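Shown below, as structure tokens, is a lone chain in the form deposited in one PDB entry; questions about how it binds or moves come after it.
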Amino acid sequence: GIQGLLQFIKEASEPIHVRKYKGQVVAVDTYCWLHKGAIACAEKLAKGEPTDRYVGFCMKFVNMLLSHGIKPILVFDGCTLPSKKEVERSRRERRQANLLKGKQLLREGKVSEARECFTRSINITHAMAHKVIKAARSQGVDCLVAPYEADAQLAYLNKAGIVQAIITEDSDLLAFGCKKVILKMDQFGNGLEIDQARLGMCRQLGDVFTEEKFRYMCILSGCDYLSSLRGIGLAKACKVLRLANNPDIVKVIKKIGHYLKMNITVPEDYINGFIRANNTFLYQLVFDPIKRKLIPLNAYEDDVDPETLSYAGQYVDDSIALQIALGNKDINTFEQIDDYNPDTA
């Protein structure tokens, strides 16, 4: 989420072209593309009608990257985090309801008005994503399925030096601490890049240009792991961390009302929630594309009990994690739906 993040730090963005990273590797939040591609074929999908138009839409961007001589790494989402295990399934029940608003309008004469309700009732299943994987693999493009949120997986790849930048429309990658995030990129290669070190150009930020504070701000402004206090967005969240300088974030959150002259009592559920939200941005389970094992996004710091971070992702035997990352074992049924072999073919 981090609503309005891009604008809040517009002073850190720079119009660039994909050709910039020619000869280098770039990870991609494939969903961003896969989703847009689902729009061009919303009705056919919402009617069982076989359509692969979203498969071509994704390749349209991939080929555009390859033409500029770049090594694209398509990343996909795997399992679901308990942080939002309920708010994500709420989309399912809210989708099937919208599924009827698209049929009823077609039963009144309104055609285009119903063609829009289908777009608002789209669901990106792992079956669809798999078709995109098959298409990319044949072209020689590497695909990797994150154990949980592609966000964390992408972040790791960049922080690890494996990829130099990350293509996405989701600003959360910034919160995770990505060095180079390419946003709003079209089919021609025109996008808006945000560099972490170039964040200090935003005067409005002030002293919150460090990874630790910047992450704290995103959480306070309202994230996917925790909603912001009623009446607290970016400007407010930034001001709080800006005035205070005590590393003890817990004590700061308690006196949040004091720093803002607003007396909004903080519930105990928020103090605990901020801890979880912070630990999810820090130690969410990713996947090592080299040693082929299941590791956390970052190394556990001093004050953290790894045996209490279940909401960040459950650990699984490396042999199983490898099959999930290769998109061979269904996330849901946990059965082998493919036999792709990287070592050989």
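Numbers for residues come from their place in the sequence shown, where the first is 1. In this text, the rigid core denotes the largest set of C-alpha atoms whose superposition between the two forms falls within 1.5 Å.
Asks: Look up the CA B-factors in the entry and say which stretch, 77-85 or 183-191, has the higher mean.
Replies: According to the PDB entry, the answer is 77-85.
Asks: Looking only at CA atoms, which has the higher mean B factor in the entry: 132-140 or 209-217?
Replies: The deposited B-factors put 132-140 ahead on the C-alpha mean.
Asks: Can you tell me which of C58, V26, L45, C32 has the highest Cα temperature factor in the record?
Replies: Max CA B-factor in the entry, restricted to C58, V26, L45, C32: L45.
Asks: Quick check for you: using the entry's CA B-factors within this chain, is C202 in the lowest, middle or highest third?
Replies: It falls in the middle third of the chain.
Asks: C-alpha B factor of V304, ranked within the chain: lowest, middle or highest third?
Replies: Highest third - that is where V304 ends up once the chain's C-alpha B-factors are sorted.
Asks: Looking at the temperature factor on the CA atom of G177, which third of the chain's modelled residues does it land in?
Replies: Answer is lowest: the recorded C-alpha B-factor places it there.
Asks: Considering every modelled residue of the chain and its Cα B-factor in the PDB entry, is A345 in the lowest, middle or highest third?
Replies: Answer is highest: the recorded C-alpha B-factor places it there.
Asks: Compare the C-alpha B factor of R276 with those of the other modelled residues in its chain, then answer lowest, middle or highest third.
Replies: Its C-alpha B-factor belongs to the lowest third of this chain's values.
Note that the form deposited in another entry isn't included here; everything after this is about it.
Asks: Would you indicate which listed residue, out of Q104, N123, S138, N272, moves its Cα by 2 Å or more between the shown form and the other one relative to the superposed core?
Replies: After core superposition, the one over threshold is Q104.
Asks: Once the core is aligned, does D186 move its Cα by at least 2 Å between the shown form and the other one?
Replies: Superposed on the core, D186 moves its C-alpha less than 2 Å between the shown form and the other one.
Asks: Answer yes if the Cα of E93 shifts by 2 angstroms or more between the shown form and the other one on a rigid-core superposition, and no otherwise.
Replies: Yes, the C-alpha moves 2 Å or more.
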